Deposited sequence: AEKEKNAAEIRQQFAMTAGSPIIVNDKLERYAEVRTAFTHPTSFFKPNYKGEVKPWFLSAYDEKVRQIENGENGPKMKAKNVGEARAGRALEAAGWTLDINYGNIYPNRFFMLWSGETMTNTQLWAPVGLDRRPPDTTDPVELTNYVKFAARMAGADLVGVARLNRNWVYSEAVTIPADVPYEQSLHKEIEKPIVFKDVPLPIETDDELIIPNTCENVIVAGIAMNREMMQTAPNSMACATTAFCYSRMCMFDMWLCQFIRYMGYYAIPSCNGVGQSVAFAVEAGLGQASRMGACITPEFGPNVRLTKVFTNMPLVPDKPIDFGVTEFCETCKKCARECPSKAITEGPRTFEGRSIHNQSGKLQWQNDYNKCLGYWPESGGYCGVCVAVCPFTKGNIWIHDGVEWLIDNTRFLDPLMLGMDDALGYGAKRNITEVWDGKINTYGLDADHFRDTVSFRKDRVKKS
């Protein structure tokens, strides 16, 4: 008879001994955030469909408008009608409501405040003094259980803890000056160093973003995207599940930071800022790095968003996991073959960055991310084809052979041996799927050992 899936059992089977899995060498240096394809001058500008050179997201807007008017849900993809085309883009746009300039990357601005003191919630609760009372709990075992419980309440589908590896913290952040209003923000972005100093609390000066030396840990959250919607990549509904999850990330960071502060510790939110989420997720045991460059998780594959919070709260680090992703990516290459921009390498892992957008000195598959970004204005979205076609994104990967869990190789055979339907089909709260939602149930035993 079929053994009922046990996600906790699976994670237990593939747990590693302690130690950062990421292999590095001496050319490794912290990475300036302005180097990402979204922000770097070499990659920021892209032509629209008329050949006008614009900020990438503005060229993409032009393509969204053109598709709506032509009754399309994506590049060369006709919608049922213009109404459906419009609806897909209205959903996507609305998804982004609690996110600033596509990622919330500016530290200590807007939603990403490094202190809770000015927040309306903190002000309301000030007479209780939770943010000023010394911690009543210092035991990292109890704290790990409390904070992971809180993280699930705050919308995380996965949560893990790691010691903070400063190699993955950006050397300089992209931000704006404190006196710049939102409407001028995209015009006034600057760089600001992130430094570690012997200070009691996270603080920002005119010159630096200062993280205390006592900032020991990072809490990493996985925010699951919707499979049916992502499978429409590169079309509009894949853009919508992406967008909604960014707003979920933001609410997670704020909720969790407030809990940690009210427990008597400090907490730094980040969403897409501060440091490299994939590396933190790997070290916290959410999953493994992959050819496409994302963290692949046992539960969702790469079809999951990441955010993280940094804290001095004593915690128990989780163990990394090795469930064989590296070995499958070595032989699969489906993402590389399907990628519309040929951004993803079919070659071996190296320590040498492909371009300025990669951080050299760590062993990974080196992808050309200027090529990736270049496809976004052409398609009018955020693509995601690589996530959509990855076999680990399918719900059906895990089987039990009577002794242990293993990955079903039939899912990796190549060749294997619409959007109206998504709007008319299965949905549930936050786009979560009740057929698989049991996989992320949590009891104390799986929160702390």
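Trainee: Can you list the gaps, in order, where the deposited sequence has no modelled residues?
Mentor: No C-alpha coordinates exist for 418-430, 463-464.
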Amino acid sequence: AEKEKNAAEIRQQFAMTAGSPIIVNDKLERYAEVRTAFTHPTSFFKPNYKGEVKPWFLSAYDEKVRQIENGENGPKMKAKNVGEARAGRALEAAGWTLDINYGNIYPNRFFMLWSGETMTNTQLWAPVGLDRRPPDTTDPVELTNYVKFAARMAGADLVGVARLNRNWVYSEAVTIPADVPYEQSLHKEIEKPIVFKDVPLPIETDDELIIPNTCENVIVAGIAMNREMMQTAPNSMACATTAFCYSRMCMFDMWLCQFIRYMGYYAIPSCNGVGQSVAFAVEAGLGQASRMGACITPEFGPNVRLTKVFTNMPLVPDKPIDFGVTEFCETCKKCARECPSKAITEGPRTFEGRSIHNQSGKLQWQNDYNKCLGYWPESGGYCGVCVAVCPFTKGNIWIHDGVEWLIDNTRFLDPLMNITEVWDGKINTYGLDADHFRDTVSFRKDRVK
From here on, numbers count along this sequence of modelled residues.
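Trainee: State whether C386, though modelled here, is left unmodelled in a third or more of the other entries compared.
Mentor: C386: modelled in all of the comparison entries.
Trainee: One third of the other compared structures is the cut-off here: is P47 left unmodelled in that many or more?
Mentor: No: coordinates for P47 present in every compared entry.
Trainee: When the C-alpha temperature factors are averaged for each of 72-80 and 144-152, which stretch ends up with the higher value in the entry?
Mentor: Result of the comparison: 72-80.
Trainee: Higher average CA B factor in the deposited record is what I'm after, so tell me if that's 368-376 or 347-355.
Mentor: According to the PDB entry, the answer is 347-355.
Trainee: Out of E189, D157, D253, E92, which residue has the highest Cα temperature factor in the PDB record?
Mentor: Among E189, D157, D253, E92, the PDB entry lists the largest C-alpha B-factor for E189.
Trainee: Comparing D318 with the other modelled residues of its chain, is its CA B-factor in the lowest, middle or highest third?
Mentor: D318: CA B-factor falls in the middle third of its chain.
Trainee: Can you tell me whether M225 has a C-alpha B-factor in the lowest, middle or highest third compared with the other modelled residues of the same chain?
Mentor: Bottom third by C-alpha B-factor.
Trainee: Compare the C-alpha B factor of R291 with those of the other modelled residues in its chain, then answer lowest, middle or highest third.
Mentor: According to the entry, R291 has a C-alpha B-factor in the chain's lowest third.
Trainee: Among all modelled residues of this chain, ranked by Cα B factor, put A162 in the bottom, middle or top third, i.e. lowest, middle or highest.
Mentor: Answer is middle: the recorded C-alpha B-factor places it there.
Trainee: What third of its chain, lowest, middle or highest, does the C-alpha temperature factor of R35 fall into?
Mentor: Ranked within chain, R35 CA B lands in the lowest tercile.
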